[PDB]
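A quick write-up on the structure given underneath.
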Amino acid sequence: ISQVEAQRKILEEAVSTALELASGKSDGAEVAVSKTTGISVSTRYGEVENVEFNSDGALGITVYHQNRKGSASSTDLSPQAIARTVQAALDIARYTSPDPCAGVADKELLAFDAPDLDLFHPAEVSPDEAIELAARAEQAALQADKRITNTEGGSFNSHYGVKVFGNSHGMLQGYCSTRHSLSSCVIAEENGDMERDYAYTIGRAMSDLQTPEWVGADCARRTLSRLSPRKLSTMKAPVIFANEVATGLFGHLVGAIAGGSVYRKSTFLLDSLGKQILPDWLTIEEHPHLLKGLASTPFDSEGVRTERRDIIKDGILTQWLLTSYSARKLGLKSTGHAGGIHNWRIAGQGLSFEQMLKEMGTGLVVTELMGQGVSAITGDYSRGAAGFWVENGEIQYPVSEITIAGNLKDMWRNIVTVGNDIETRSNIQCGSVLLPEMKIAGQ
Amino acid sequence: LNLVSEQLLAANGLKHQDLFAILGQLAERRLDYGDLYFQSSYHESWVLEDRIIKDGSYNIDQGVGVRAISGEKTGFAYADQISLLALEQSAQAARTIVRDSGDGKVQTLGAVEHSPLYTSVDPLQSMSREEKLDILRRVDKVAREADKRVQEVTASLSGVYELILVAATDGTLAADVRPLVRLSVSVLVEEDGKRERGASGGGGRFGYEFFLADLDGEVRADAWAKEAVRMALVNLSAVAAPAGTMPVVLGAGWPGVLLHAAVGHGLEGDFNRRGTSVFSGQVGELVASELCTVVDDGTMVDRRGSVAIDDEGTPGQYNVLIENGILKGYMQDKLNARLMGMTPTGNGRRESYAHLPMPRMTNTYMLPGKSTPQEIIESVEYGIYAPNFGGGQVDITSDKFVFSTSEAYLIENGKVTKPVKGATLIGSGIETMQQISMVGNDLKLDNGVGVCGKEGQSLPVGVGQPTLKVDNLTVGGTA
Amino acid sequence: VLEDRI
Ligand code: NA
Ligand code: NA
Ligand SMILES: [Zn+2]
């Protein structure tokens, strides 16, 4: 707490120095600084493997003159280094072209008095204490079953951060945060076939984490479930996205409704504002000010206030996700989305995962996806998959070496239900999702 | 070495004897190895969009990274500055990996020569600012003139100038001066309310003058601007791809990223030392068709993927990994080479001073065979021709890879026919290599575009191959 | 994760 307070003072001063140096030679300027400190450790077969001490720092500035922009950055925060960085950005802005949508965020939208969201819960964890937590998690996994014949280790991370933002409208605000995580990953074998899986826990406070023994048990359960998979034959069938990949399915919406995509006409949802793109019972709630939230933030990367909004309400797309620049291109105002989204919440419609298997009856559950395979401009979707085949409402065997393909427009509009089995370790939080049909490629 | 030593050591108040002292602090503990890694870098970018020079940036970083190694174990600490105090603080944290005392016997520091693979001239200073921006302006003009359906063009120029120096307990003392430039082009086309995109570009380890040099009778930047438009128009016309298992003909160049995934990562020494790769213990076995010879080659003059020295000071090498189907060996760093009873190969790479090195690729490619590309296409009754790819992913434990096409066509009765939409291909790595039944006489490498990610560390790489045939592969279309 | 791209 004393180390972080010393860092915060240094960072606030660096921001103020950079803005004052820019002020006489520019119409506007934005400055961001950060410092992250902590430890990362790994184990192999319960013994220390790596011990890494982390210490990272950064200053960036953007300046504006005659609507021309220029940017520069440095990891050195000495007064002379800051002076050189400011001069470099000013020099660039002599040669870029006037662009009226560029500039500091609107004064009326800035978080001059930003809220305290309680993101900072420090722990004094020694390297040896960190190693023992990783070793306990890995050991619990390795001891679960004799088919576990190799390992990719235990891992523990604990870090604290400080961020300060300022601009030429007179905003200067900063906040501190912490993140701790514990994981393990092991390898099982059956008849020459090797499979690997992992488990983890994450939170802002150490006392929010699952035990090392819970992590190893979950790791082993997941890994053993993958053994002896089948490659399905080519077919059309219903598909459940298990909770852990259902969050990514909604995640593709972010790029499709980003202002940057909209003004460039590079999204398949260009003509969908105010239209029903999802089932009429589905609402996606954004909550940027949740205390301790994994993706909570008191202001965006341009200093703009963040707000409670229903991005989707009863299936209808209510707004774009805008920054200062994209808002100006569209004749609108920033929505506080510079740097991304800030905690999405989608409620379940009453069924457990088991009840969802029974409703589907026969079909595919996907638990892991690989590759890119999503077109921003058309919505076309084609990704590699692993999971389980389901028949008579029961899991029959694992599957792999298959793809699932369709189009996001059709997939989102025709969702059957969303489960109560909510994944709670991510930015976007939802349960498992049932779709009526996708094309499965295989044998 | 003398030039880099003056910039990284002398200018920061450091001498050769300070290196002795800090290596000695590490060697107070029972270690197999320790090293000091020094780096400075300068990055610039310029972006054209909406017919104007929209943006520019200038980014600086510098620092030192210090490792202490005992068998399987590494202690590591680093700082965003180069100074004696930063070295002492980093060494004293790193060495805590082992408590036991060592004998203190380090090897005397001593540099040796290596072959030069690229210029030491700074690309950021060697061309004027207006000449750089004229490259982007020309790309904009040529793309828009190529077809009336072109509505948007984004063109970017990027440059890096990097100095590195490494000193180790085994006596290694070495330095590199590393330039890297890149031109990227993206276009949007529109017709009757339908829109699609296309992209081109490349570069390597040299100045920006490369982009104004000749490519087959035209200025290189013009050729690439036209290629992004061609790509976008193919995509605009493309129909649904078929679904299922069928023959696939892969084009020369960047489609070599599938080799990089299906076998390259599988032959990195860290996975094989631990026993987690499907290729572990298989040296001397048939892991691919007898038509296949695959190399990793760090020695290629001027290439994006090359390494005059790697980040541990080992000069780049031509390494034969698979020869006529038979597995010959693995790519190494110093740690994994020792543990496997093998030798360094020139594959010890790190993203920066703030990251650990590990075994990593350089330029990975398949040698040419006897078939013509025409003969390969003519051999397929029904399948896909894929001359260009985007990106993808591999799981080396289960031996599964997944890559997405960026330009693809049906083959019907031995002829290329309809363009088809982007599809993801999936298969097993070893099974796929055993299914390669024809290898073309037309080897090329990518234009200088490759990025490889492993353990969160991104590196510049190259890939290549001739045209080749995979007899059965799963195609993730909808039709 | 092992990811490769242009
Ligand atoms: Na001013
Ligand atoms: Na040589
Ligand atoms: Zn790679």
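Quick note on naming: the chains in the structure tokens go A, B, ... in the order shown, residues restart at 1 in each chain, and ligands are numbered from 1 in order of appearance.
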(Q) Distance cut-off 7 Å, counting only C-alpha atoms - which residues of chain B neighbour chain C? Return them as a PyMOL selection string. (A) chain B and resi 390-394+449-455
Q: Name the residues of stretch 92-334 of chain A that fall into helix (DSSP H, G or I) according to DSSP on the backbone, using the chain letters and numbers of this document, as a count of residues only.
A: 63
Q. Interatomic distance between atom CA of residue A:50 and atom CA of residue B:72?
A.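 So the answer is 8.4 Å.
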Q.
I need the contact residues of chain A against chain C, so if you could list those with any atom within 12 Å, counting only C-alpha atoms, and return them as an NGL selection string, that would help.
A. :A and (197 or 369-372)
May I have the selected residues written with N, CA and C atoms, as a compact mmCIF listing (two decimals), in the first residue's frame?
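Output (part_18.txt):
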# COMPACT_ATOMS: atom_id res chain seq x y z
N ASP A 197 -6.11 -30.90 -20.65
CA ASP A 197 -7.07 -29.86 -20.24
C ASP A 197 -6.62 -29.16 -18.96
N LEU A 369 -13.35 -24.27 -28.83
CA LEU A 369 -13.30 -23.86 -30.21
C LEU A 369 -11.88 -23.40 -30.55
N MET A 370 -11.48 -23.61 -31.81
CA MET A 370 -10.15 -23.24 -32.30
C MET A 370 -10.26 -22.47 -33.61
N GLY A 371 -9.23 -21.67 -33.89
CA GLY A 371 -9.15 -20.87 -35.11
C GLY A 371 -9.86 -19.52 -35.05
N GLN A 372 -9.69 -18.73 -36.11
CA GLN A 372 -10.42 -17.48 -36.28
C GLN A 372 -11.77 -17.83 -36.92
**Q.** Contacts to ligand 1 at 12 Å cut-off (only C-alpha atoms and all ligand atoms) as a ChimeraX atom specification
**A.** /A:19-30,63-66,104,167-170
At a cut-off of 8 Å, which residues of chain A touch chain B? Count only C-alpha atoms and give the answer as a PDB file with N, CA and C atoms, in the first residue's frame.
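See iface.pdb below for the written result:
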ATOM      1  N   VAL A  48       9.216 -26.311  -7.899  1.00  0.00           N
ATOM      2  CA  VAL A  48       9.425 -25.049  -8.611  1.00  0.00           C
ATOM      3  C   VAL A  48      10.064 -25.259 -10.003  1.00  0.00           C
ATOM      4  N   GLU A  49       9.541 -24.536 -10.991  1.00  0.00           N
ATOM      5  CA  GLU A  49      10.076 -24.522 -12.343  1.00  0.00           C
ATOM      6  C   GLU A  49      10.549 -23.088 -12.612  1.00  0.00           C
ATOM      7  N   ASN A  50       9.629 -22.154 -12.859  1.00  0.00           N
ATOM      8  CA  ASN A  50       9.985 -20.742 -13.102  1.00  0.00           C
ATOM      9  C   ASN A  50       9.523 -19.817 -11.994  1.00  0.00           C
ATOM     10  N   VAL A  51      10.363 -18.826 -11.673  1.00  0.00           N
ATOM     11  CA  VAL A  51       9.991 -17.690 -10.806  1.00  0.00           C
ATOM     12  C   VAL A  51      10.323 -16.414 -11.603  1.00  0.00           C
ATOM     13  N   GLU A  52       9.294 -15.638 -11.949  1.00  0.00           N
ATOM     14  CA  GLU A  52       9.449 -14.407 -12.727  1.00  0.00           C
ATOM     15  C   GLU A  52       8.917 -13.212 -11.941  1.00  0.00           C
ATOM     16  N   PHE A  53       9.770 -12.205 -11.763  1.00  0.00           N
ATOM     17  CA  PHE A  53       9.411 -10.945 -11.108  1.00  0.00           C
ATOM     18  C   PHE A  53       9.041  -9.932 -12.191  1.00  0.00           C
ATOM     19  N   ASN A  54       7.818  -9.400 -12.147  1.00  0.00           N
ATOM     20  CA  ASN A  54       7.297  -8.482 -13.172  1.00  0.00           C
ATOM     21  C   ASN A  54       7.248  -7.017 -12.706  1.00  0.00           C
ATOM     22  N   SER A  55       7.694  -6.097 -13.571  1.00  0.00           N
ATOM     23  CA  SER A  55       7.677  -4.651 -13.289  1.00  0.00           C
ATOM     24  C   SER A  55       7.628  -3.949 -14.635  1.00  0.00           C
ATOM     25  N   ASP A  56       6.458  -3.427 -14.994  1.00  0.00           N
ATOM     26  CA  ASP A  56       6.244  -2.802 -16.289  1.00  0.00           C
ATOM     27  C   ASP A  56       5.700  -1.395 -16.088  1.00  0.00           C
ATOM     28  N   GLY A  57       6.165  -0.455 -16.906  1.00  0.00           N
ATOM     29  CA  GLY A  57       5.708   0.951 -16.898  1.00  0.00           C
ATOM     30  C   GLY A  57       5.573   1.521 -18.308  1.00  0.00           C
ATOM     31  N   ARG A  68      -4.982  18.011 -36.882  1.00  0.00           N
ATOM     32  CA  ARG A  68      -3.945  17.023 -37.229  1.00  0.00           C
ATOM     33  C   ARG A  68      -3.509  16.321 -35.943  1.00  0.00           C
ATOM     34  N   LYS A  69      -3.312  15.001 -35.986  1.00  0.00           N
ATOM     35  CA  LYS A  69      -2.938  14.242 -34.786  1.00  0.00           C
ATOM     36  C   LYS A  69      -1.548  13.606 -34.878  1.00  0.00           C
ATOM     37  N   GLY A  70      -0.927  13.391 -33.718  1.00  0.00           N
ATOM     38  CA  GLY A  70       0.359  12.674 -33.618  1.00  0.00           C
ATOM     39  C   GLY A  70       0.475  11.989 -32.256  1.00  0.00           C
ATOM     40  N   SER A  71       1.108  10.811 -32.209  1.00  0.00           N
ATOM     41  CA  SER A  71       1.230  10.048 -30.947  1.00  0.00           C
ATOM     42  C   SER A  71       2.675   9.586 -30.674  1.00  0.00           C
ATOM     43  N   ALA A  72       3.038   9.461 -29.399  1.00  0.00           N
ATOM     44  CA  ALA A  72       4.324   8.854 -29.030  1.00  0.00           C
ATOM     45  C   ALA A  72       4.250   8.192 -27.660  1.00  0.00           C
ATOM     46  N   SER A  73       5.149   7.251 -27.405  1.00  0.00           N
ATOM     47  CA  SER A  73       5.215   6.542 -26.130  1.00  0.00           C
ATOM     48  C   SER A  73       6.643   6.217 -25.690  1.00  0.00           C
ATOM     49  N   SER A  74       6.794   6.002 -24.391  1.00  0.00           N
ATOM     50  CA  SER A  74       8.084   5.684 -23.776  1.00  0.00           C
ATOM     51  C   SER A  74       7.846   4.905 -22.483  1.00  0.00           C
ATOM     52  N   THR A  75       8.715   3.939 -22.183  1.00  0.00           N
ATOM     53  CA  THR A  75       8.688   3.268 -20.880  1.00  0.00           C
ATOM     54  C   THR A  75       9.550   3.993 -19.824  1.00  0.00           C
ATOM     55  N   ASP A  76      10.314   5.002 -20.254  1.00  0.00           N
ATOM     56  CA  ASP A  76      11.166   5.806 -19.386  1.00  0.00           C
ATOM     57  C   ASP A  76      10.370   7.061 -19.016  1.00  0.00           C
ATOM     58  N   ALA A  88       8.264  14.483 -29.892  1.00  0.00           N
ATOM     59  CA  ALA A  88       8.061  13.535 -30.984  1.00  0.00           C
ATOM     60  C   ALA A  88       6.619  13.538 -31.507  1.00  0.00           C
ATOM     61  N   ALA A  89       5.642  13.610 -30.592  1.00  0.00           N
ATOM     62  CA  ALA A  89       4.227  13.620 -30.989  1.00  0.00           C
ATOM     63  C   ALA A  89       3.869  14.930 -31.700  1.00  0.00           C
ATOM     64  N   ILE A  92       5.322  14.824 -35.374  1.00  0.00           N
ATOM     65  CA  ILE A  92       4.422  14.017 -36.238  1.00  0.00           C
ATOM     66  C   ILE A  92       3.172  14.786 -36.696  1.00  0.00           C
ATOM     67  N   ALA A  93       2.540  15.501 -35.765  1.00  0.00           N
ATOM     68  CA  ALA A  93       1.327  16.274 -36.066  1.00  0.00           C
ATOM     69  C   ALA A  93       1.540  17.450 -37.025  1.00  0.00           C
ATOM     70  N   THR A  96       0.894  15.016 -40.482  1.00  0.00           N
ATOM     71  CA  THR A  96      -0.433  14.394 -40.703  1.00  0.00           C
ATOM     72  C   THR A  96      -1.449  15.425 -41.222  1.00  0.00           C
ATOM     73  N   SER A  97      -2.555  14.932 -41.785  1.00  0.00           N
ATOM     74  CA  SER A  97      -3.583  15.766 -42.440  1.00  0.00           C
ATOM     75  C   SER A  97      -4.703  16.172 -41.478  1.00  0.00           C
ATOM     76  N   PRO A  98      -5.317  17.357 -41.689  1.00  0.00           N
ATOM     77  CA  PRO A  98      -6.485  17.703 -40.854  1.00  0.00           C
ATOM     78  C   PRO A  98      -7.663  16.724 -40.978  1.00  0.00           C
ATOM     79  N   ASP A  99      -8.180  16.283 -39.827  1.00  0.00           N
ATOM     80  CA  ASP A  99      -9.262  15.307 -39.752  1.00  0.00           C
ATOM     81  C   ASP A  99     -10.196  15.755 -38.625  1.00  0.00           C
ATOM     82  N   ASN A 150       1.375 -37.278 -17.741  1.00  0.00           N
ATOM     83  CA  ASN A 150       2.268 -36.134 -17.953  1.00  0.00           C
ATOM     84  C   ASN A 150       1.590 -34.838 -17.478  1.00  0.00           C
ATOM     85  N   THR A 151       2.314 -33.722 -17.543  1.00  0.00           N
ATOM     86  CA  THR A 151       1.851 -32.454 -16.989  1.00  0.00           C
ATOM     87  C   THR A 151       2.328 -31.251 -17.802  1.00  0.00           C
ATOM     88  N   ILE A 187      -2.027 -33.980 -18.501  1.00  0.00           N
ATOM     89  CA  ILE A 187      -2.178 -34.777 -19.723  1.00  0.00           C
ATOM     90  C   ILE A 187      -2.531 -36.208 -19.322  1.00  0.00           C
ATOM     91  N   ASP A 193      -3.511 -42.368 -27.478  1.00  0.00           N
ATOM     92  CA  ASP A 193      -4.134 -41.052 -27.660  1.00  0.00           C
ATOM     93  C   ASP A 193      -3.889 -40.213 -26.408  1.00  0.00           C
ATOM     94  N   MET A 194      -3.248 -39.054 -26.578  1.00  0.00           N
ATOM     95  CA  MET A 194      -3.013 -38.087 -25.497  1.00  0.00           C
ATOM     96  C   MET A 194      -4.026 -36.960 -25.588  1.00  0.00           C
ATOM     97  N   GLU A 195      -4.543 -36.526 -24.436  1.00  0.00           N
ATOM     98  CA  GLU A 195      -5.392 -35.328 -24.323  1.00  0.00           C
ATOM     99  C   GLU A 195      -4.958 -34.450 -23.140  1.00  0.00           C
ATOM    100  N   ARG A 196      -5.150 -33.139 -23.278  1.00  0.00           N
ATOM    101  CA  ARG A 196      -4.750 -32.135 -22.278  1.00  0.00           C
ATOM    102  C   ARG A 196      -5.948 -31.237 -21.934  1.00  0.00           C
ATOM    103  N   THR A 234     -20.101 -36.116 -41.429  1.00  0.00           N
ATOM    104  CA  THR A 234     -20.667 -34.858 -41.908  1.00  0.00           C
ATOM    105  C   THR A 234     -22.206 -34.908 -41.840  1.00  0.00           C
ATOM    106  N   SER A 266     -18.387  -1.869 -42.648  1.00  0.00           N
ATOM    107  CA  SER A 266     -17.665  -3.148 -42.635  1.00  0.00           C
ATOM    108  C   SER A 266     -18.245  -4.155 -41.631  1.00  0.00           C
ATOM    109  N   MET A 370     -11.479 -23.612 -31.808  1.00  0.00           N
ATOM    110  CA  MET A 370     -10.146 -23.236 -32.296  1.00  0.00           C
ATOM    111  C   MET A 370     -10.256 -22.474 -33.613  1.00  0.00           C
ATOM    112  N   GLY A 371      -9.233 -21.668 -33.892  1.00  0.00           N
ATOM    113  CA  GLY A 371      -9.152 -20.866 -35.108  1.00  0.00           C
ATOM    114  C   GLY A 371      -9.856 -19.521 -35.051  1.00  0.00           C
ATOM    115  N   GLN A 372      -9.689 -18.729 -36.111  1.00  0.00           N
ATOM    116  CA  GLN A 372     -10.422 -17.478 -36.276  1.00  0.00           C
ATOM    117  C   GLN A 372     -11.772 -17.831 -36.918  1.00  0.00           C
ATOM    118  N   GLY A 373     -11.899 -17.727 -38.240  1.00  0.00           N
ATOM    119  CA  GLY A 373     -13.087 -18.212 -38.963  1.00  0.00           C
ATOM    120  C   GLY A 373     -14.421 -17.484 -38.816  1.00  0.00           C
ATOM    121  N   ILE A 377     -17.521  -8.769 -41.912  1.00  0.00           N
ATOM    122  CA  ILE A 377     -18.342  -8.068 -42.894  1.00  0.00           C
ATOM    123  C   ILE A 377     -19.569  -8.887 -43.355  1.00  0.00           C
ATOM    124  N   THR A 378     -19.499 -10.223 -43.327  1.00  0.00           N
ATOM    125  CA  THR A 378     -20.638 -11.071 -43.771  1.00  0.00           C
ATOM    126  C   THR A 378     -21.367 -11.841 -42.665  1.00  0.00           C
ATOM    127  N   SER A 382     -17.130 -20.304 -39.299  1.00  0.00           N
ATOM    128  CA  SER A 382     -16.600 -21.660 -39.512  1.00  0.00           C
ATOM    129  C   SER A 382     -15.448 -21.867 -38.560  1.00  0.00           C
ATOM    130  N   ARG A 383     -15.635 -22.688 -37.525  1.00  0.00           N
ATOM    131  CA  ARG A 383     -14.597 -22.896 -36.480  1.00  0.00           C
ATOM    132  C   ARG A 383     -14.396 -24.367 -36.133  1.00  0.00           C
ATOM    133  N   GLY A 384     -13.162 -24.721 -35.773  1.00  0.00           N
ATOM    134  CA  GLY A 384     -12.859 -26.061 -35.314  1.00  0.00           C
ATOM    135  C   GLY A 384     -13.432 -26.265 -33.927  1.00  0.00           C
ATOM    136  N   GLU A 401     -11.755 -33.106 -34.009  1.00  0.00           N
ATOM    137  CA  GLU A 401     -11.415 -33.076 -35.454  1.00  0.00           C
ATOM    138  C   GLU A 401     -12.636 -32.840 -36.369  1.00  0.00           C
ATOM    139  N   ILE A 402     -13.514 -31.947 -35.914  1.00  0.00           N
ATOM    140  CA  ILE A 402     -14.716 -31.534 -36.646  1.00  0.00           C
ATOM    141  C   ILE A 402     -14.776 -30.007 -36.715  1.00  0.00           C
ATOM    142  N   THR A 403     -15.568 -29.476 -37.650  1.00  0.00           N
ATOM    143  CA  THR A 403     -15.921 -28.047 -37.658  1.00  0.00           C
ATOM    144  C   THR A 403     -17.427 -27.844 -37.501  1.00  0.00           C
ATOM    145  N   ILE A 404     -17.813 -26.656 -37.019  1.00  0.00           N
ATOM    146  CA  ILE A 404     -19.212 -26.196 -37.045  1.00  0.00           C
ATOM    147  C   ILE A 404     -19.276 -24.922 -37.897  1.00  0.00           C
ATOM    148  N   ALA A 405     -20.303 -24.798 -38.745  1.00  0.00           N
ATOM    149  CA  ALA A 405     -20.411 -23.654 -39.654  1.00  0.00           C
ATOM    150  C   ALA A 405     -21.848 -23.164 -39.807  1.00  0.00           C
ATOM    151  N   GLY A 406     -21.977 -21.859 -39.998  1.00  0.00           N
ATOM    152  CA  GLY A 406     -23.266 -21.197 -40.193  1.00  0.00           C
ATOM    153  C   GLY A 406     -23.030 -19.706 -40.433  1.00  0.00           C
ATOM    154  N   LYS A 439     -24.161 -26.853 -39.587  1.00  0.00           N
ATOM    155  CA  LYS A 439     -23.476 -27.835 -40.456  1.00  0.00           C
ATOM    156  C   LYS A 439     -22.177 -28.282 -39.777  1.00  0.00           C
ATOM    157  N   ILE A 440     -22.102 -29.575 -39.477  1.00  0.00           N
ATOM    158  CA  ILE A 440     -20.941 -30.202 -38.891  1.00  0.00           C
ATOM    159  C   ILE A 440     -20.173 -30.924 -40.005  1.00  0.00           C
ATOM    160  N   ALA A 441     -18.910 -30.535 -40.212  1.00  0.00           N
ATOM    161  CA  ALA A 441     -18.035 -31.230 -41.168  1.00  0.00           C
ATOM    162  C   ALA A 441     -17.121 -32.213 -40.438  1.00  0.00           C
ATOM    163  N   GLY A 442     -17.029 -33.426 -40.970  1.00  0.00           N
ATOM    164  CA  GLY A 442     -16.158 -34.457 -40.438  1.00  0.00           C
ATOM    165  C   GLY A 442     -15.862 -35.524 -41.481  1.00  0.00           C
ATOM    166  N   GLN A 443     -16.039 -36.788 -41.099  1.00  0.00           N
ATOM    167  CA  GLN A 443     -15.791 -37.918 -41.996  1.00  0.00           C
ATOM    168  C   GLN A 443     -16.755 -37.928 -43.173  1.00  0.00           C
TER     169      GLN A 443
END
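Taking atom CA of residue A:235 as the reference point, atom CA of residue A:397 is found at 17.0 Å.
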Q | Protein and nucleic acid residues within 8 Å of ligand 2 (only C-alpha atoms and all ligand atoms) as an MDAnalysis selection string | A | chainID B and resid 114:115 299 315:317
(Q) I need the residue nearest ligand 3 from this list: B:469, B:328, B:304, B:265. Use only C-alpha atoms and all ligand atoms for the distance. (A)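 Looking only at the distances to ligand 3, the closest residue turns out to be B:265.
Looking only at chain C, the set that DSSP places in strand (DSSP E) from backbone geometry is residues 2, 3, 4 and 5 of chain C.
Candidate residues A:346, A:276, A:411, A:269 were compared for distance to residue A:376, and the nearest is A:269, using only C-alpha atoms.
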Q: Tell me which protein, DNA and RNA residues are within 7 Å of residue B:349, counting only C-alpha atoms, leaving out same-chain ones fewer than 4 positions away, and put them as a VMD selection string.
A: chain B and resid 310 to 311 357 to 360
